[PDB]
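Take a look at the structure set out below.
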Amino acid sequence: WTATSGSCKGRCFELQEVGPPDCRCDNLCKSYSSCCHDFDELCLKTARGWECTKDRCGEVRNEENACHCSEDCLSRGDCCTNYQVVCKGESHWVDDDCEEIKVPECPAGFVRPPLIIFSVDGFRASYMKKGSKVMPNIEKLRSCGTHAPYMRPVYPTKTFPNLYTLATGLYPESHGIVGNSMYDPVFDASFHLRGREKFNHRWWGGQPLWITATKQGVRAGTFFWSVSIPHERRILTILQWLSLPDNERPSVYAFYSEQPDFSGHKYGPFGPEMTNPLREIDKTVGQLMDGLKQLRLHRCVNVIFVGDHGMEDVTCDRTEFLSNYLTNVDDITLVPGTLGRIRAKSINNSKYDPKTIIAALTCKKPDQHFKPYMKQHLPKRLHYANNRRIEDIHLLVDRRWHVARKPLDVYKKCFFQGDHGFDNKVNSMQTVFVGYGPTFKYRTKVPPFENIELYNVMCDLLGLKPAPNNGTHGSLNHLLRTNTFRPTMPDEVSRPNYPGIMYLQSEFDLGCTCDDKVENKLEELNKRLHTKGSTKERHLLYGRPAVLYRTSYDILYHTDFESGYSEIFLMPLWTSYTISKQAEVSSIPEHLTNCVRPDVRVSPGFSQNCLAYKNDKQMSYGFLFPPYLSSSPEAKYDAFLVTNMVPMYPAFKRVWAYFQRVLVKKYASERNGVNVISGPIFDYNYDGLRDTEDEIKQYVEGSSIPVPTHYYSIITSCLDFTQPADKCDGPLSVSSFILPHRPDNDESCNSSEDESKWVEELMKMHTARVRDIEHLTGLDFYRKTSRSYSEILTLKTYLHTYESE
Ligand SMILES: *[C@@H]1O[C@H](CO)[C@@H](O[C@@H]2O[C@H](CO)[C@@H](O[C@@H]3O[C@H](CO[C@H]4O[C@H](CO)[C@@H](O)[C@H](O[C@H]5O[C@H](CO)[C@@H](O)[C@H](O)[C@@H]5O[C@H]5O[C@H](CO)[C@@H](O)[C@H](O)[C@@H]5O)[C@@H]4O)[C@@H](O)[C@H](O[C@H]4O[C@H](CO)[C@@H](O)[C@H](O)[C@@H]4O[C@H]4O[C@H](CO)[C@@H](O)[C@H](O)[C@@H]4O)[C@@H]3O)[C@H](O)[C@H]2NC(C)=O)[C@H](O)[C@H]1NC(C)=O
Ligand SMILES: CC(=O)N1CCC(c2ccc3ncc(CC(=O)N(C)Cc4ccc(Cl)c(Cl)c4)c(=O)n3c2)CC1
Ligand SMILES: [Ca+2]
Ligand SMILES: [Ca+2]
Ligand code: NA
Ligand code: NA
Ligand SMILES: [Zn+2]
């Protein structure tokens, strides 16, 4: 109940929401149907429209008008945004030449440059070039400020998960807004686009920027807006708030536009009907900039122009139906459209079986336009699993398609021509970022980056300490003129042991065999030097990785590779090796096919054993440094050390062997050498973070050898590929992957074919940032380079996406 007979006189767009049952006058009151009776009359004035005309100039103030053109309007802070242009001979902001903003040029009483975040829904990245001729204000922001060619949203590429990511710096799995529609089984409650459950604070986790600011003494309301408040009134409200007294005035503001998304759904991303909404959003930007220019704030405020996701062509005819795959379609609940989430319709049905659902949805139709996954098997770069609101069964839908349960869902709901929500690496899903103001750089293009990084930058713009989040603070320092954050590298927690030769061959009883008994003081000293680290500068190019947790591990040197060998997990945490452009690929010699060799630097008690693999009929093994890339027949023996062995399902060995035998050399050829760091990952609780020992769910049968859930590789070379990877003077280039260690290749529908037709496609899907591997391993890479730390943080956040232009 709301006692709506209170009044909004003197309270229009008040910043502090008043508590029930008292009636409200803030920018969200309409959403709750709780505005005071006179909110429309007092707060949503529309008389005479939004623009001054010549006849209105110097008018007698009429308090009924939407905005004013009377002489007093500047001091009242309520002129129409074009007042100075029409009445005082001034230019529109868009018509002024851009001039570098070297320092904030702020009115007296401004303690810091305010931040205005201008969020556009469904603003696809390519609109910035394709729509440029119809968006002059946005084009000026872009060209004069700092811009990226595109910004990567989070998955799913839907509004609420992305806007809340922008506000918190958190993945959806961590902030809790994992879709536009959700069921929380603990709450037993549902969150929907339409309705009010979504207003309950229990859905919304993390700490959004307005709370971070308020806690630290910086005034900031929430960034939401009731949909019925017209954009011109939103802009005038922002400008009026900026005219508040110093002690009352916020330092951060948010404008939101539902366009161009609303039209994009109706017309497609590039429908001819899309030009008008782009023109209209541009005109709103120009109202804001003219309004700031009026207030003498146009060289004081930092403005961020940012989107939540892009927009793809999607029509009703491109729908896959689960009723064409499943017997039991009535026993499931599906969250449908551009992604699928499946759970049981009833928790009382004990005949519901996820295994049978997945199998019925796997590679059943030749051109099948979705792929089922158990959530832990989704690409780790999506960071979409560690939340109870994310159903165990997920469907990754191909761009341009939908999934639905039954055909009647689609015609008892063709209307629409656009949609979004797909994998966040998809080109059509990318969105925009421009920063303009004194704290951003001038006429600067930055590489594409992820929206999870922006919360830290907004905190830097405002002088705030960010709450713990998923950005990498410092990775976007290159966007900023000043206010950079100067991080220090984390401290190494565990220092390595450097074992020498400490065991005789006969101390080992590992059940391993090797034909290595086939027997010079020239090369004997040489092999000793290799074991003490003489080739280490070739194979460890960027320093040893730091271990950021407490553990026991050994550094092991070899002619062709270096590794950090865990005494606890019985295998390397990392193995590092460089392959030059001139490297030759060789075979595993016949006599060495089943060779495994005890490592006399590491105790039998801290070694794997071959008997465990013989007995585990499901599990085989591979090697981290590939024997195929040995520098000489003699060095090849090191590759068969038991300390280089890792457990691998036979189905995974098909993937791994092709990567090692074919793809590393291909990359070295293309990139002018590569440095490779490879290793295991254990993430049985799918939280994106390194497992401790007591979280491991699977071991090689009868042993303490833990089975990785994934294998990673980080592949580094010189950005200037005229220089070899091992003699690079400047910036680096990286690509990485986190491959799921699965006992089948059911994910790859073409896996019966030669590896040349499916393995690289799998790897591309499981592309990763170095930072993702850092979280999953507790290792810190690139500790010893010639590059600035912020540049290295940017490098660690890079994702190689394998998309076109
Ligand atoms: C992305 O960045 C984020 C932010 O840094 C990273 O997330 C952090 O990761 C930490 C480790 O997973 C985690 O720290 C834990 O916090 C527990 C206290 O949590 C509450 O308080 C914080 C701080 O205000 C708050 O943010 C939390 O918010 C979560 O939960 C609410 C509601 O439940 C949600 O609204 C909100 O969205 C958020 O949910 C997300 O996180 C939770 C986990 O906290 C997930 O379950 C959700 O699915 C969702 O992802 C909380 O309100 C604290 O209790 C933990 O300590 C336990 O674990 C340690 C191990 O070190 C152990 O030693 C302790 O004894 C203790 O164990 C006891 O409890 C166990 C569970 O019952 C039990 O099994 C034991 O036997 C013990 O009794 C721990 O310190 C931190 O909360 C999150 N923060 C956020 C916001 O998500 C994220 O890792 C980054 N991602 C990547 C990939 O890098
Ligand atoms: C967490 C919190 O403080 N809550 C209290 C307010 C509550 C809430 C009440 C009213 C409301 N009315 C309209 C919208 C639509 C909207 O504003 N948009 C689509 C833009 C937008 C802008 C910024 C962000 Cl971060 C997002 Cl996700 C969406 C909205 O979402 N509303 C929400 C939510 C919980
Ligand atoms: Ca949106
Ligand atoms: Ca984990
Ligand atoms: Na075996
Ligand atoms: Na297959
Ligand atoms: Zn939309």
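Sequential numbering from 1 along the given sequence is applied to the chain's residues. Indexing begins at 1, ligand by ligand and atom by atom, following the structure's order. The basis for the numbers below is simple: all heavy atoms, side chains too, and nothing from hydrogens, waters or symmetry mates.
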How about [atom]: does it have a protein heavy atom within less than 4.0 Å?
atom                    : value
atom 31 (C) of ligand 1 : no
atom 17 (C) of ligand 1 : no
atom 8 (C) of ligand 1  : no
atom 76 (O) of ligand 1 : no
atom 83 (C) of ligand 1 : no
atom 36 (C) of ligand 1 : yes
atom 91 (N) of ligand 1 : yes
atom 87 (O) of ligand 1 : yes

Starting from [atom], what is the nearest protein heavy atom, named by residue and atom, and what distance separates them?
atom                    : result
atom 6 (C) of ligand 1  : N470 ND2, 4.2 Å
atom 4 (C) of ligand 1  : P468 O, 3.5 Å
atom 33 (O) of ligand 1 : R388 NH1, 4.4 Å
atom 89 (O) of ligand 1 : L689 CD1, 3.7 Å
atom 34 (C) of ligand 1 : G205 CA, 4.5 Å
atom 47 (C) of ligand 1 : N386 O, 3.9 Å

Donor-acceptor side-chain pairing of [X] and [Y] below 3.5 angstrom:
X    : Y    : result
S751 : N745 : no
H766 : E747 : yes
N470 : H775 : no
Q376 : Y684 : no

Is any N, O or S atom of [X] under 3.0 Å away from the Ca ion (ligand 3)?
X    : value
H420 : no
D308 : yes
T159 : yes

Are any of the N/O atoms in [X] less than 3.5 Å from those in ligand 1?
X    : result
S174 : yes
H383 : no
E173 : yes
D687 : no

- Item | Working for salt bridge (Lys or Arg N to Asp or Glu O under 4.0 Å), residues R152 and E453 | CA-CA 10 Å; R152 185 179 308 114; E453 299 301 330; over 6 Å; no
Regarding [X] and [Y], does a basic nitrogen lie under 4.0 Å from an acidic carboxylate oxygen?
X    : Y    : value
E774 : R771 : yes
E258 : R234 : yes
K380 : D683 : yes
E273 : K266 : no
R690 : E695 : no

- From the options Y171, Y155, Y686, select the one residue that forms a ring pair (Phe, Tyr, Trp, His ring centres under 6.0 Å) with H383.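 With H383 as partner, ring pair (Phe, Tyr, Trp, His ring centres under 6.0 Å) holds for just one option, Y171.
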- Excluding waters, which protein N, O or S atoms are within less than 3.0 Å of the Na ion (ligand 6)? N745 O, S748 O, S751 OG
- Counting only heavy atoms not in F224, do more than 12 fall under 6.0 Å of its CZ? yes
- Message: Does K697 have more than 12 heavy atoms from other residues, nucleotides or ligands lying within 6.0 Å of its NZ?
- Response: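 Result for NZ/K697: open.
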- Name, closest N/O/S atom of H309 to the Ca ion (ligand 3):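 The atom in question is NE2.
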- Shortest-distance N, O or S atom of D121 relative to the Ca ion (ligand 3):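 In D121, the N, O or S atom with the shortest distance to the Ca ion (ligand 3) is OD1.
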- Indicate, as side chain, backbone, both or neither, the part of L170 found under 4.0 angstrom from ligand 1 when only non-hydrogen atoms are considered.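 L170 to ligand 1: side-chain contact only, backbone stays beyond 4.0 Å.
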- Under-4.0 Å heavy-atom contact with ligand 1, by part of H175 that carries it: backbone
- Item | With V154, the side chain to side chain contact (heavy atoms under 4.5 Å, CB included) member among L166, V178, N451, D308 | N451
- Heavy-atom pair with the smallest gap, counting every atom of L209 and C459: CD1-SG, 3.9 Å
- Indicate the atoms forming the closest heavy-atom contact of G131 with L278, along with that distance.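 Minimum heavy-atom separation between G131 and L278: CA-CD1, 4.4 Å.
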- Please identify each residue that fulfils side-chain hydrogen bond (donor to acceptor under 3.5 Å, both in side chains) with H800, with sequence neighbours left out. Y798
- Item | From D121, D261, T157, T338, residue fulfilling side-chain hydrogen bond (donor to acceptor under 3.5 Å, both in side chains) relative to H420 |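 Checked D121, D261, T157, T338 against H420; only one passes side-chain hydrogen bond (donor to acceptor under 3.5 Å, both in side chains): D261.
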- Item | Worked check of ring-ring contact (aromatic ring centres under 6.0 Å, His included) between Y373 and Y384 | CA-CA 12 Å; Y373 289 82; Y384 196 71; over 10 Å; no
- Considering the heavy atoms of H775, write down every atom of ligand 1 situated less than 4.0 Å from one of them. 94 (O)
